[PDB]
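Q: Would you be able to build a 3D model of this:
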Amino acid sequence: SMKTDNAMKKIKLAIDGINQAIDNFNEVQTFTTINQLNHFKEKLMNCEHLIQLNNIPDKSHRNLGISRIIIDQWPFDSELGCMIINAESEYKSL
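A: Residues are numbered from 1 along each chain as shown. Here you go, the structure:
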């Protein structure tokens, strides 16, 4: 659907940004780790898979917990944190 298409686009944007951070880790090492970035990527990748399987959880079980960690731990100006929050929030809005 149009709604799931917008979610897919935002999720791929977020994964691409994480990939860019893993490849340029010097840029982000003061606030995240490769282990955390891969944790986030795994969860976003699982969101893609559940959408592709038409097996999305109900609206009450869409919390990845990623947004809360970024809000609490990452710099507010982080363009990467924005991208990820946009993806988790679009998933939640489905």
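Q: okay, CA-based contacts and neighbour counts for the rest of this
A: Will do.
Q: show me the contacts for residue 4.
A: 51, 94 (C-alpha atoms under 8 Å, 6 or more residues apart in numbering).
Q: which parts of the helix or strand harbouring it are buried?
A: In the assignment (DSSP states H and E), residue 4 maps to helix 2-23. Within helix 2-23, the residues that count as buried by 16 or more other C-alpha atoms under 10 Å are 4, 7-8, 10-15, 17-18, 21-22.
Q: Now render those as JSON lines, adding distance to residue 64.
A: Shown next, in JSON lines, are the buried residues of helix 2-23 (distance: C-alpha to C-alpha, whole Å):
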{"residue": "4", "distance to residue 64": "17"}
{"residue": "7", "distance to residue 64": "14"}
{"residue": "8", "distance to residue 64": "16"}
{"residue": "10", "distance to residue 64": "15"}
{"residue": "11", "distance to residue 64": "13"}
{"residue": "12", "distance to residue 64": "16"}
{"residue": "13", "distance to residue 64": "17"}
{"residue": "14", "distance to residue 64": "14"}
{"residue": "15", "distance to residue 64": "14"}
{"residue": "17", "distance to residue 64": "17"}
{"residue": "18", "distance to residue 64": "16"}
{"residue": "21", "distance to residue 64": "20"}
{"residue": "22", "distance to residue 64": "20"}
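Q: Skipping adjacent residues, who's closest to the residue nearest the centre of the chain in space?
A: For the chain, the residue nearest the mean C-alpha position is residue 84 (3.7 Å; C-alpha atoms, centre = their mean). Excluding its sequence neighbours, the residue lying closest to residue 84 (C-alpha to C-alpha, 6 or more residues apart in numbering) is residue 14, at 5.0 Å.
Q: correct me, but residue 63 touches residue 92?
A: Yes - the pair residue 63 / residue 92 is scored as a contact, 7.2 Å apart, by C-alpha atoms under 8 Å.
Q: ok so, going back, distance of the residue nearest to residue 84 from residue 80?
A: The gap separating residue 14 from residue 80 is 7 Å, by C-alpha to C-alpha, to the nearest Å.
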